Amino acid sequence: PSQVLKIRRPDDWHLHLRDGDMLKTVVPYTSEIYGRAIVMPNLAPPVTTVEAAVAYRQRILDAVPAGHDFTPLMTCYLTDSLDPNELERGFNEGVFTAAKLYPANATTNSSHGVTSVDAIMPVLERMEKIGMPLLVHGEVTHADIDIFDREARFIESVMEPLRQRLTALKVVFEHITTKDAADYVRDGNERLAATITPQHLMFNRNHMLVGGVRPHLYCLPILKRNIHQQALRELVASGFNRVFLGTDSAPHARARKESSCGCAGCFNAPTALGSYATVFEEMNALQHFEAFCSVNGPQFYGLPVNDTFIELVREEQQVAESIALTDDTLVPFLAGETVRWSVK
């Protein structure tokens, strides 16, 4: 009899659902399994108002198959032009669960992002005041910074000063990828948390580059050398309770991945949970798997833990080679592979 792993229903604390037809195709892979997900706001144009978040939420709810108990937790894209009163109203009305800060860029349009942390202090101070968590894509994107250095550079140049200035602000260091960040989070206080994706636990940059270039392992922040991979696995395996499940499922059509300029992102919603289960098992740390998927996130966000359960079975299954879109196809994370754990 195949081994069963029963957990409280998990949630995904970092998700891209896109919009339109792509949203219709990808939502079921989340809603079948997760109770809630943090839905990121990086649409074109981005979600920067309460009204757009409300409409987007409904588009998401329209696409949930009948009987799935799924609640999207919406976010606001932080920008220079964002009125702090719009952010607050959204939070007060339960529309925005959190706000997301993408890397600063002096050339970014004020409707589309942030020029500097200084420029958005009024808004960050308002989040601190009302207790809205800030989710951070923590990389500095200056042209003279080597891509593999960008996360470490952010800790020093942005994250520490920010947290030193806003001492009551709750911050999730999203999809951490380095020992620098794993140590930083491990040594932080109760106001600092992190998500980790399945790909940053399972692979390192050799898997993306040795024996060929694999654009389906291409994502941001970039896969790092093996020492960083190991630090991430050790962190989740330690039982540390301020790291939790965030897939960063980030779907692009195959034509946009397998081109002269491949888009960043892994479509891992279909296979993420089993992948995490495999990682915890390999680390002899299955006793901490539930907390990571189903408890740590809710505790940090001040939300209740789910009260229904799901089961994973240790029985080999093949992952689909691709998933049809209206036009084109999506190639899922671990496409065509035999995986060790699957949902029953």
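Numbering starts at 1 and runs along the sequence shown.
**Q** Out of 196, 217, 210, 168, which one has a C-alpha B factor higher than all the others in the entry?
**A** Max CA B-factor in the entry, restricted to 196, 217, 210, 168: 168.
**Q** Which listed residue, 115, 206, 249, 178, has the largest C-alpha temperature factor in the record?
**A** When the deposited C-alpha B-factors of 115, 206, 249, 178 are compared, 115 is largest.
**Q** If you rank the chain by CA B-factor, which third does residue 188 end up in: lowest, middle or highest?
**A** Middle third by C-alpha B-factor.
**Q** Check where residue 321 lands among this chain's C-alpha B-factors and tell me if it's the lowest, middle or highest third.
**A** Ranked within chain, residue 321 CA B lands in the lowest tercile.
**Q** When the modelled residues of the chain are sorted by Cα temperature factor, does residue 315 land in the lowest, middle or highest third?
**A** Ranked within chain, residue 315 CA B lands in the highest tercile.
**Q** Residue 22's Cα B-factor: lowest, middle or highest third of the chain?
**A** Its C-alpha B-factor belongs to the highest third of this chain's values.
**Q** What third of the chain, by the recorded C-alpha B-factor, contains residue 158?
**A** Its C-alpha B-factor, which the entry lists for residue 158, ranks in the middle third among residues of this chain.
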